[PDB]
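Breakdown of the fold
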Amino acid sequence: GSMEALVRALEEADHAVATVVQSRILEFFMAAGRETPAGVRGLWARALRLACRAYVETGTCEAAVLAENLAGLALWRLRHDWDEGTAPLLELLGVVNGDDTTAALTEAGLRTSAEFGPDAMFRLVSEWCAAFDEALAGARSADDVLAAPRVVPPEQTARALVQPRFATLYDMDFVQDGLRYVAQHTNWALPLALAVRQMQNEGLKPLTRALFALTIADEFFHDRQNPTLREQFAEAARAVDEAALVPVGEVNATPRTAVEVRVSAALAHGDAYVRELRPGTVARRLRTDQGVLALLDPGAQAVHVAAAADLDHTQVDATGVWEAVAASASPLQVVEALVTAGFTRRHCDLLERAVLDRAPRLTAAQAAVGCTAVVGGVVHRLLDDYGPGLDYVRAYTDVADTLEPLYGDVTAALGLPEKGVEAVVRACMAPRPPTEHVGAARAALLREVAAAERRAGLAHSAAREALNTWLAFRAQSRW
Ligand SMILES: [Ca+2]
Ligand SMILES: [Ca+2]
Ligand SMILES: [Ca+2]
Ligand SMILES: [Ca+2]
Ligand SMILES: [Ca+2]
Ligand SMILES: [Ca+2]
Ligand SMILES: [Ca+2]
Ligand SMILES: [Ca+2]
Ligand SMILES: [Ca+2]
Ligand SMILES: [Ca+2]
Ligand SMILES: [Cl-]
Ligand SMILES: [Cl-]
Ligand SMILES: [Cl-]
Ligand code: NA
Ligand code: NA
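The record names X-ray crystallography as the way this model was obtained, at a resolution of 2.500 Å.

Structure below.
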């Protein structure tokens, strides 16, 4: 514990010698001990009083940097459990900026207005917590999205939390963990909103709409039953032309696959949440021959995933959707091209398996389906993490590093150059963190040191090269 150690140290007295206290401060300046909000709150008043007292009984430069920027130095390594939300951080800030902090620093001849001082930190972390609370006010459950399928660009996910006003907070651990938390709680809803929009799209055919309904039930509701989803599926299913089913008594009429069993059990019962058949229960399966495409909409043929995966009988047209996926320059673009075309997360997984089983001798039309599904499965892995922070940089790097071992052997067969898959994923999902903020925080902390040096009549101080080496290590170790 950095604050804890600092308190023990400065408590040893010996304040009548400047360098003994000047070393105990330089240690903390570079210590690694992470803090907790309750732990800072419980130690703040004493730690700040010590700092203030170390500077009143030494006058040295490092004591004054420590006291003036103790607020930001202590926040920088704070580890917060974001399930508790902002209130523990506001409560902390309340202690940091209380009247005893201003009296302690004022009475010591120091400032309250350093960039990482109690005034700047209280004002800025308060605005940030306010932005955080606002970013979490969205849809709490899938039922909310189904009622209001608002489409949120993931490019906007947590963006108010990394605006320039908060540049000097950006490298703090609790900020980076909060971006991660916000991403985790917002991005999942976009594929659901896009699917709900198709299911409710009155310019699509009933079979198309009925299948989108079933993908929604399976990806986002499992066994939790939504009455609107039930109502939507039954209305579309009841209007599906009976010409789309294999008639009873034909060879291979029975549903052949886990997918076909699930689609058939729902249609037969008019119930999205029926997924099995009673052994002996007669269920018509959907045709998977090229003719059944006439019952689908041209742009979303893959939403009938059993037909699109029946490659020896049927070739779905995925050239248009591959054109849009391959030209996508943002998360919103690529996810919207994927989901509206029927390349949900599960369909990407199934169509990737069905096409790569034909490798290396693919036709151009199959390669279009396989590129869409392959890129698609990477996008769906990345989407829930997409954000402007270091966590998404970590998550993207881990996913990108798996692409060559997964697909190095089949990219030529798909018509892609070497690293073709990484090329497309980078173009629409590459991390876009405002890394300039790292430099802004370092500049700010070092300006405060500069002021301390000049105040102490120094062209250079020990505090500078120590804080420098701490910040310099974090910028390389993290970013
Ligand atoms: Ca945490
Ligand atoms: Ca907790
Ligand atoms: Ca927790
Ligand atoms: Ca709790
Ligand atoms: Ca077949
Ligand atoms: Ca066959
Ligand atoms: Ca075109
Ligand atoms: Ca997979
Ligand atoms: Ca095989
Ligand atoms: Ca993770
Ligand atoms: Cl988290
Ligand atoms: Cl098959
Ligand atoms: Cl096949
Ligand atoms: Na603003
Ligand atoms: Na590696």
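And the narrative resumes.
1. Thoughts on the overall build of the protein chain
Across its full length, the protein chain carries 23 helices and 0 strands. Since a compact globule built from 479 residues should have a radius of gyration of about 23 Å, the 29 Å found for the protein chain marks it as more spread out than a globular shape. Principal-axis analysis of the C-alpha atoms gives the protein chain an extent of 100 × 45 × 35 Å. By residue count, 53% of the 479 residues in the protein chain fall in the buried class. In the protein chain, once contacts between residues fewer than 6 apart in sequence are set aside, the share between residues at least 24 apart is 77%. The positive charge centre, built from 46 side chains, and the negative charge centre, built from 62, are 0 Å apart in the protein chain.

2. A closer look at the UniProt feature "binding site: Ca(2+) 8" (unreviewed entry) in the protein chain
Taking the numbering used here, the UniProt-annotated feature "binding site: Ca(2+) 8" (unreviewed entry) corresponds to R381, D384 and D385. Taking the annotated residues in turn, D385 line the second largest cavity. In this structure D384 comes out as partly exposed when scored by relative accessible area, which is 35%. In this structure, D384 is in contact with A183, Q184 and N187, ignoring residues within four places of it in sequence. Its location among the elements puts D385 in the loop between α18 (364-383) and α19 (390-401).

3. Digging into the UniProt feature "binding site: Ca(2+) 7" (unreviewed entry) in the protein chain
Mapped onto this numbering, the UniProt entry gives "binding site: Ca(2+) 7" (unreviewed entry) at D357. With respect to the helices and strands, the residue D357 is situated in the loop between α17 (345-356) and α18. Owing to a relative accessible area of 66%, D357 belongs among the exposed residues under this scheme.

4. Brief notes about helix α6 (residues 99-107)
Among all positions in α6, only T101, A104 and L105 are buried. Along α6, the residues classed as buried sweep out an arc of 90° about the axis, all on the same side. When the buried face of α6 is taken as reference, the exposed residues oriented beyond 90 degrees from it are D99 and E107. The elements touched by buried residues of α6 are α3 (37-56), α4 (61-76), α5 (87-96) and α7 (118-135). In the stretch just after α6, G109 is the one whose phi turns positive, near 70°.

5. Quick notes on the domain arrangement of the protein chain
One can read the domain layout of the protein chain as domain 1 (1-136 + 157-186 + 435-479) and domain 2 (139-155 + 187-431). On a C-alpha basis, the centres of domain 1 and domain 2 stand 48 Å from each other. Every contact between the two is made by 14 residues of domain 1 and, on the other side, 13 residues of domain 2. In total, about 1100 Å² of surface goes out of reach between domain 1 and domain 2, with carbon and sulfur atoms giving 50% of it. Per-residue buried area on domain 1 facing domain 2 is highest for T157, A183 and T186; these three make up 40% of the total on that side. On the surface where domain 1 and domain 2 come into contact, there are 1 salt bridge.

6. Remarks on the environment of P405
Along the chain, the position of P405 falls in helix α20 (residues 403-407). Residue classification places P405 among the exposed positions, given a relative accessible area of 63%.

7. Focus on unusual backbone geometry
Between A359 and the following residue, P360, the backbone shows a cis peptide bond with an omega angle of 5°. Structurally, the position occupied by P360 is in the loop between α17 and α18. With a phi close to 70°, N252 is a non-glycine residue in the positive phi region. On the accessibility criterion, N252 (52% relative accessible area) is exposed.

8. What to know about the layout of surface pockets
Approximately 830 Å³ is the volume found for the largest pocket. Taken together, 34 residues make up the lining of the largest pocket; nearest its centre are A135, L136, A137, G138 and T186. Within the lining of the largest pocket, the residues separate by chemical class into 20 nonpolar, 7 polar and 7 charged. When we break the lining of the largest pocket down by domain, the ones giving at least three residues each are domain 1 (1-136 + 157-186 + 435-479) and domain 2 (139-155 + 187-431).

9. Focus on empty space enclosed by the protein
Under the counting rule described, the total for this entry stands at 2 cavities of 30 Å³ or more. Each pocket or cavity is described by its volume, and for the largest cavity that value is around 60 Å³. Together, 13 residues line the largest cavity, and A302, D317, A318, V321 and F343 are the ones closest to its centre. Of the residues contributing to the lining of the largest cavity, the split by class is 10 nonpolar, 2 polar and 1 charged. There is about 50 Å³ of room inside the second largest cavity. If you trace the second largest cavity, you find it lined by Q176, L179, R180, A183, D385, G387, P388, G389, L390, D391 and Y392. Those elements giving two or more residues to the lining of the second largest cavity turn out to be α9 (173-186) and α19. The element best represented in the lining of the second largest cavity is α9, accounting for 4 residues. When its residues are assigned to classes, the lining of the second largest cavity shows 5 nonpolar, 3 polar and 3 charged.

10. Things to note about the packing of aromatic side chains
Going through the model one piece at a time under the given rule, you end up with 10 aromatic pairs. Plain terms: the ring middles of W82 and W128 are 5.7 Å apart, the flat faces sit at 50° to each other, and that makes the pair tilted. A residue pair is termed long-range when its members are at least 10 positions apart, and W82 in the loop between α4 and α5 and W128 in helix α7 qualify at 46 residues. Exposure class is identical for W82 and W128. Each is buried.

Each value, and the rule that gives it
- Residues numbered from 1 in each chain as written, not as in the entry; some residues may be left out.
- Chains lettered and ligands numbered in written order.
- Heavy atoms only, no water.
- Helix = DSSP H or I, 4+ residues; strand = E, 2+ residues; numbered from the N terminus.
- Rg over C-alpha atoms; globule rule 2.2 N^0.38 Å.
- Buried < 20%, exposed > 50% of the residue type's maximum accessible area, 1.4 Å probe, protein only.
- Contact = heavy atoms within 4.5 Å.
- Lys, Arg positive; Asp, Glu negative; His and termini not counted.
- Charge placed at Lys NZ, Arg CZ, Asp CG, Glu CD.
- UniProt positions renumbered as here; feature names shortened; annotations may be inferred.
- 1 Å grid on protein atoms, 1.4 Å probe; cavity = no way out; pocket = protein on both sides within 12 Å on 5 of 7 lines; lining within 4 Å.
- Arc of directions from axis to C-beta.
- Domains from an automatic or database assignment.
- Buried area = accessible area lost by both parts, 1.4 Å probe.
- Salt bridge = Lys/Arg side-chain N within 4 Å of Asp/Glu carboxyl O.
- Points joined across faces, edges and corners; volume = space filled by probe spheres on them.
- Nonpolar A, V, L, I, M, F, W, Y, C, P; charged D, E, K, R; others polar.
- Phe/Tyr/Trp six-rings, centres within 6.5 Å; stacked < 30°, edge-to-face > 60°.

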